[PDB]
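Residue numbers (the authors' numbering), protein chains in the order written: chain B, 14 to 26, 30 to 42, 51 to 257; chain B', 14 to 26, 30 to 42, 51 to 257; chain H, 1 to 119; chain C, 120 to 172, 186 to 232; chain L, 1 to 107; chain A, 58 to 197, 204 to 276. A prime marks a further copy of an entry chain.
From the three backbone atoms N, C-alpha and C, an ideal C-beta is built for every residue, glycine too.
One structure is given below, encoded as structure tokens.
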Amino acid sequence: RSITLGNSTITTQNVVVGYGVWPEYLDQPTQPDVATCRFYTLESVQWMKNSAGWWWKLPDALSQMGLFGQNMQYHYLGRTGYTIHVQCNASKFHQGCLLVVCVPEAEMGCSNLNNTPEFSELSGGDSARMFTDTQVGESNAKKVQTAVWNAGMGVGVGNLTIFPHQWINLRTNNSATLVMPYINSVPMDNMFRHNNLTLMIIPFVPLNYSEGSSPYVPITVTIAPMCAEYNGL
Amino acid sequence: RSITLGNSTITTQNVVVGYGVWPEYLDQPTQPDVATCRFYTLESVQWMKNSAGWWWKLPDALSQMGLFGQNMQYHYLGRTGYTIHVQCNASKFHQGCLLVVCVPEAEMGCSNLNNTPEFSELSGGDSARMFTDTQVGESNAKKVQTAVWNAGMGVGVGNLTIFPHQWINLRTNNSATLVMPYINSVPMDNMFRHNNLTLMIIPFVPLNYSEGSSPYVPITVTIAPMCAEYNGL
Amino acid sequence: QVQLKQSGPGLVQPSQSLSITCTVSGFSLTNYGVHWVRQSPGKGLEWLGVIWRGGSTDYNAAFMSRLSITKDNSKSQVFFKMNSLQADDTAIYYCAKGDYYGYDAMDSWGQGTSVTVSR
Amino acid sequence: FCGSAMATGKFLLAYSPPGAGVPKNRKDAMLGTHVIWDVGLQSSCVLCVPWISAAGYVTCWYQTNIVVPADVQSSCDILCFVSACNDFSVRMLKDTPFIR
Amino acid sequence: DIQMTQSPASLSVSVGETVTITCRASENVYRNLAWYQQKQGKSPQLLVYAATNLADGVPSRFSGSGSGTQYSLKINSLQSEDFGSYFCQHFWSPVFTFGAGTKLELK
Amino acid sequence: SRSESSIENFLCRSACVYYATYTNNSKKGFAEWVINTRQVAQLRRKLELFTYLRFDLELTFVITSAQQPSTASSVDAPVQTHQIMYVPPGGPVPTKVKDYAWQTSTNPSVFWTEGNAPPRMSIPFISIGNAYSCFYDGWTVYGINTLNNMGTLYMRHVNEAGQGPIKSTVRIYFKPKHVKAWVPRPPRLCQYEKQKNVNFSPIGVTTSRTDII
């Protein structure tokens, strides 16, 4: 309860950590920790009745977020870990179920069968791109095939529990918490041409309420980088 | 020889330190040292035959100099020390004598007898204001009375050796080095409305050379802040 | 190092406004002031006005109400304007920077734009 | 510095890292990492720098002019040397491209 | 204000003589004087400032001397590029007033 | 004999700094003095040798009377009584003789009848900073330094006279105590022009002789 990092404080009360490992450290690298280890809270999305899902690219969403956006442009390489706090606040009269996954290397596929999706359609800088429950038409310029039941990666959406995940069931639970290490083939990689993670939120059992209750449940995603180190003189 | 601070290096081969004390440290203050302790080398002035003198205001000259200019605007208070390296390079065929003083609280006087000098006439940001060997006329808008033999402070210019100083005589010596502590009445003061030091360079015996030699001797001033600490959360 | 230059209207009608712009290069307006000098064949050289480096201006007494000199530190330009333009203003107008080693003298001059005030 | 013994001067040796741009001015070449080289004191300056397979810049700037006495020439010259400081690590031999 | 009376109005010399051009002020200016040279149809150039000091690229033939209200300029040896117009200006106080002017014919 | 050049024996002296007149009947007769160091030209030069000073203060007032020409009919007055009010930095300031600011509680004022010893009082070292500052290169208006501000003194009668007017002078004396000095500076060569700032006109360095030999 009331954990603080740097000059920011959140409030909690179960945490699932990575693939079993805690994030730790390793020309020579420099290790900054004061101006990066803090809670960057993204703005809140609205979960309505006919919602489909959201996704963020993780070393892209904090690209304009304070001094962490300055270390992405001034330094060439770098490696980070993450600590993702998801919490949605609903009353006892609402119902639903979310699935919160953190997929490493989520290569997505274009709607046009010959091209690859362009840069603005894969990742929004601290703004969630959204799923659909239909198909996206092929004859357009360039967009992501974002049918939710195939998760945009050509794979059955029920089997997405093999990646490190956590359930948010509004009957019993309220929040999720993930701690993710650095998973890449090279020990230190570029932070502009590569997104090594992907945070997905998919409503399996959709929201329901009676007439009179508030028709939306806001979700709040709070990310804090752990054990970051860069490469420079 | 070959001293280095941060990511900058100068080259030396006698140092006069302050009023006998070395610069040291003391809501609560923060102490940054990596991004401030380096050699900020100002651009070089030219010493000709008919020269008169130069002056810099010391916590004003580094106001656009790198990250030290960022800590002056983002933080409200602060205290610093200094380490001033002056070195002019002339051959064995030149002659002259400079006086290098670091005056604390050098309150100067306007040429107009009713006003005080305006902001742009007292201090140039990393650019030297110059003395004259005549009077400045009174009926102008607002300027500094800068007759060199009264030093701009209404005091006889021969007696300026009581402040911590060093002679540069081109027959025997080449360079000067001053180390100055923080001299103020309050233990931590604002850095925008107050210039607690003033670096003066006055040629007593003016330059001379024969016909054929290079007609200028450049002077290089290199300042490095020591033991800086600010006030903020 | 390359220095300042100007561009003017060339010729005006009587009882009209004149506006010349002197643009500089290689130095700042926060360190120098620019003087405006008028070379006349009948009355010789004469100093019209100046804008100092602080932003303060000081004009001649005989051309006090007709003149207005302003500048901008960012785009490095100085604008001056003279009005009502009688017959004696057939001359060439220079802009030249001041503060030669802090002595308030003209360092280097513009090319000068000669004007003719007649119809 | 392959010049006379009566000539003095000062030089900057700025090194820009991979990713940062080339400095277009002496002032922001001073704000990067640099070494001020005094010619009258020492005649050789050594600089260590990593090199990998932008990739860096070794731009060099005038600090002051070359002061010189009477009856000494002013146009001097500078040589540049390169070597390997620590152990390189080479791998995957191929043939050379400096051939027909 | 203060008027600068420059004398003589014109001169006619050859190459290689010593000439002297004086201008006198209305009151004291405390050596706040500048000397100019203007050729045929060009911008004038600064020659001697603060009544003793030479300019940057001006050769060592020129010399200025004087204090108080009386000033003078000297050329020890004329050359072919040294004729034209010469003016003196005080910069003591606004309004700055130039001199009348003198001319060298080089006959 | 090297002890008479100590700082305690050089600065702890008495000096007449102010001299003002006020009468009782004229409905605006009361004195006023902002306490500063730049009043008299001699004590200003003895304190401008140093930059930062720190002293207590001890003031003595020599008040005397003078009978103004009344109308007629056998004027006879009792002994007079004066009130010397001290206003701390940031206190109420009077504007008339009959005002609310005289009857306040936080302004310590002395009461003194004529024909006795002169009314001394002692003011401690009041500042936020750790020393006074005789020089200040910085803005607050250039070179003011609002931190060393010692207060204001006010004098008036407390007798109402019906038959004769009486005017009075007052000579304020000034004496520092337990002085400490830091950062010595060169003595001023030029003459003093104004009270607030350090303005001057340039003068030669030394009086001249005929030749070098």
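Between which two residues does the alpha helix (DSSP H) carrying residue i extend?
i: B':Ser144; result: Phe143 to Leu146
i: A:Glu65; result: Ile64 to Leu68
i: A:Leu100; result: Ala98 to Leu104
i: C:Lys146; result: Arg145 to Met149
Mind reading off the beta-carbon distance from residue i to residue j? Whole number of angstroms is fine, and I expect it under 8 Å.
i: B':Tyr106; j: B':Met89; result: That belief does not hold up - the Cβ atoms of B':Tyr106 and B':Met89 are roughly 13 Å apart, past 8 Å.
i: B:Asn220; j: B:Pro141; result: Not a contact, Cβ separation roughly 18 Å.
i: L:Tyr36; j: L:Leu46; result: 6 Å
i: B:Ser75; j: B:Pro230; result: 7 Å
i: B':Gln70; j: B':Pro242; result: 6 Å
i: A:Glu171; j: A:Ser122; result: 6 Å
i: B:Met204; j: B:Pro188; result: 7 Å
i: residue 123 of chain H; j: H:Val34; result: Since the first residue of chain H shown is 1 and the last is 119, residue 123 of chain H is not available in this structure.
i: H:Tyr32; j: B':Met154; result: Their Cβ separation, rounded to whole angstroms, is 12 Å, which puts H:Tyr32 and B':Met154 out of contact at 8 Å.
i: A:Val242; j: A:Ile64; result: 6 Å
i: H:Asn60; j: H:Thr30; result: In fact, because the Cβ distance is near 25 Å, the residues do not count as touching under 8 Å.
i: A:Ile235; j: A:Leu116; result: 6 Å
i: residue 7 of chain B'; j: B':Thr246; result: Residue 7 of chain B' lies beyond the range of chain B' shown here (14 to 257); nothing can be said about it.
i: B':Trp38; j: B':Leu223; result: The pair is not a contact, with the Cβ atoms about 19 Å apart (cut-off 8 Å).
i: B':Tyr100; j: B':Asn255; result: 6 Å
Starting from residue i and walking both ways along the beta strand (DSSP E), at which residues does that stretch end?
i: B':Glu253; result: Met250 to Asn255
i: B:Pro227; result: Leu221 to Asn232
i: B':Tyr240; result: No beta strand (DSSP E) holds B':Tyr240; DSSP gives it neither H nor E.
i: B:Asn193; result: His189 to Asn193
i: B':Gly105; result: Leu101 to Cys112
i: A:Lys84; result: Note, A:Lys84: premise wrong, no beta strand (DSSP E); not H, not E.
i: residue 141 of chain H; result: The question about residue 141 of chain H has no answer, for chain H in this structure spans 1 to 119.
i: H:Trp47; result: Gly44 to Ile51
i: B:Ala152; result: It is not in any beta strand (DSSP E) - B:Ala152 carries neither H nor E in the DSSP assignment.
i: C:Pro136; result: Looking at the DSSP string, C:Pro136 is not in any beta strand (DSSP E), and its letter there is neither H nor E.
i: L:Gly66; result: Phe62 to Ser67
i: L:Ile21; result: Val19 to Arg24
i: H:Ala105; result: Run containing H:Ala105: none; DSSP gives neither H nor E here.
i: B':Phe216; result: Here B':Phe216 belongs to no beta strand (DSSP E), and DSSP marks it neither H nor E.
i: H:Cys95; result: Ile92 to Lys97
i: H:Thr57; result: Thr57 to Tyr59
i: L:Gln37; result: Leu33 to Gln38
i: A:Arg248; result: Counting along the chain, A:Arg248 falls outside any beta strand (DSSP E), and DSSP gives it neither H nor E.
Per DSSP, residue i is paired with what?
i: B:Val181; result: Partner(s): none; B:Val181 has no beta bridge.
i: B:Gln119; result: B:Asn232
i: A:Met218; result: A:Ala88 and A:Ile141
i: A:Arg234; result: A:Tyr76 and A:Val119
i: residue 258 of chain B'; result: With chain B' running from 14 to 257 in the structure shown, residue 258 of chain B' is simply not present.
i: A:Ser190; result: A:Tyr109
i: B:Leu202; result: B:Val32 and B:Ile108
i: L:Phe98; result: L:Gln89
Hey, would you say the C-beta of residue i is under 6 Å away from at least one heavy atom of the ligand ATP?
i: B':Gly36; result: No copy of the ligand ATP appears in this structure; indeed no ligand is present at all.
In chain F, which residues lie less than 8 Å from residue i when you measure between Cβ atoms?
i: B:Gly161; result: Although the question refers to chain F, the structure presented lacks it and instead comprises the protein chains B, B', H, C, L and A.
Evaluate the contact criterion for the region 121-133 of chain A versus the region 241-259 of chain A: three or more CB pairs, one atom per stretch, below 8 Å. Contact between the region 121-133 of chain A and the region 241-259 of chain A is absent: fewer than three C-beta pairs spanning the two stretches fall below 8 Å.
Where in the region 118-187 of chain A do unbroken runs of the beta strand (DSSP E), each at least 3 residues long, occur, reported from the N-terminal end onward? As far as the region 118-187 of chain A is concerned, its whole beta strand (DSSP E) runs of at least 3 residues are 138-144, 166-170 and 178-180.
Decide yes or no for the touch test of the region 109-120 of chain B' against the region 194-210 of chain B': beta carbon pairs closer than 8 Å, at least 3 of them. Verdict: yes, contact present.
Within the region 56-99 of chain B', note down every full beta strand (DSSP E) run reaching 3 residues or more, in order along the chain. Those beta strand (DSSP E) runs which fall completely within the region 56-99 of chain B' and span 3+ residues are 69-71 and 78-81.
Contact the region 6-25 of chain H vs the region 77-95 of chain H: 3+ CB pairs below 8 Å: The region 6-25 of chain H and the region 77-95 of chain H touch, with no fewer than 3 CB-CB distances between them shorter than 8 Å.
Evaluate contact between the region 184-195 of chain A and the region 106-115 of chain A, counting only Cβ atoms and requiring at least three cross-stretch pairs below 8 Å. Because the criterion of three Cβ pairs below 8 Å is met, the region 184-195 of chain A and the region 106-115 of chain A touch.
Decide if the region 52-66 of chain B' is in contact with the region 92-107 of chain B'; the criterion is three or more beta carbon pairs, one per stretch, under 8 Å apart. Yes, since at least three Cβ pairs between the region 52-66 of chain B' and the region 92-107 of chain B' fall closer than 8 Å, the two stretches touch.
Given 8 Å, three or more beta-carbon pairs between the region 19-26 of chain H and the region 68-84 of chain H: In short, these stretches touch, since the Cβ pair count reaches three.
Taking 8 Å as the cut-off, does the region 92-102 of chain L touch the region 161-168 of chain B' (at least 3 CB pairs, one atom from each stretch)? Result yes; three or more Cβ-Cβ pairs closer than 8 Å.
Is it a yes or a no for the region 98-115 of chain H touching the region 61-71 of chain H, going by three-plus beta-carbon pairs under 8 Å? With the cut-off at 8 Å, the region 98-115 of chain H and the region 61-71 of chain H do not touch.
Under 8 Å: do the region 128-148 of chain C and the region 35-45 of chain H share three or more Cβ pairs, one atom per stretch? At 8 Å Cβ cutoff, the stretches do not touch.
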